[PDB]
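Read the single chain below, which is given as structure tokens and is the form deposited without the named molecule.
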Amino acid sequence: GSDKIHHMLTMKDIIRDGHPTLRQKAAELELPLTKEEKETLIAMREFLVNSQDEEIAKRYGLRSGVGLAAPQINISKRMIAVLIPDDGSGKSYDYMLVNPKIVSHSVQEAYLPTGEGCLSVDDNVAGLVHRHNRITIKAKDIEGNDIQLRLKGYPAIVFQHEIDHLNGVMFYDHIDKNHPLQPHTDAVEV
């Protein structure tokens, strides 16, 4: 549930840290998806759309997000939605993915300088979350077609955050408790 920093689901449908489902390893899905699974993915994306719309988000008390993983709505299945709106350059990320898996991990690390938040986490944890600056993901889309993404920088970070949810990993598991805000030598600020 990467935060935005640049049935209609509502915030109570998003389980909170401490819920067991967030710590489980989600199930690989067979394609084609069931109708319920498709509706789930579509509703996860619609929640991000709603959360990004200033009026709808204010009207329904939504926290703005750019990613959501199915475990966060208590569905232990490997599905994520990422919706990073146009950053001003025309680059936009609108992907509903099934069984996403990182197949190439960039050695150079990158991090958001303010750390990371998560829609499932109300009590924020300070610290840099070092991630791969570049990644390649293989996944299936909602119709079971093949998608391979090459991502870098912020979008890479967002997808890594969401994929981590499928493995029961939260952003803070990456935080070095000894030197939380110290960037790794090689690391670059996103």
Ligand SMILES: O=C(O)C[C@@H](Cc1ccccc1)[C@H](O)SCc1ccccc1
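All residue numbers are counted from 1 along the displayed sequence.
The same protein also has a form solved in complex with the named molecule, omitted here; what follows describes it.
Chemist: Please classify the binding site as open or blocked after superposing the named molecule from its position in the bound PDB entry; blocked means at least 3 ligand atoms come within 2.4 Å of backbone or C-beta atoms of this form.
Modeler: The pocket is blocked.
Chemist: Which one, 54-62, 26-34, 133-141, 156-164, holds residues whose non-hydrogen atoms are within 4.5 Å of the named molecule in the bound PDB entry?
Modeler: Result of the contact check: 156-164.
Chemist: Is the gap between residue 96 and the named molecule in the bound PDB entry 4.5 Å or less for some heavy atom pair?
Modeler: Judged by the heavy-atom cut-off of 4.5 Å, residue 96 is well away from the named molecule in the bound PDB entry.
Chemist: Would residue 112 show up as a contact with the named molecule in the bound PDB entry if we use heavy atoms at 4.5 Å?
Modeler: Residue 112: contacts the named molecule in the bound PDB entry.
Chemist: Is the gap between residue 66 and the named molecule in the bound PDB entry 4.5 Å or less for some heavy atom pair?
Modeler: Heavy-atom contact with the named molecule at 4.5 Å: present for residue 66.
Chemist: Would residue 79 count as touching the named molecule in the bound PDB entry under a 4.5 Å heavy atom rule?
Modeler: Looking in the bound PDB entry, residue contacts with the named molecule do not include residue 79, since no heavy atom lies within 4.5 Å.
Chemist: Counting only non-hydrogen atoms and a 4.5 Å cut-off, give the residues of 97-127 close to the named molecule in the bound PDB entry.
Modeler: Contacting residues: 112, 116, 117, 118, 119, 120.
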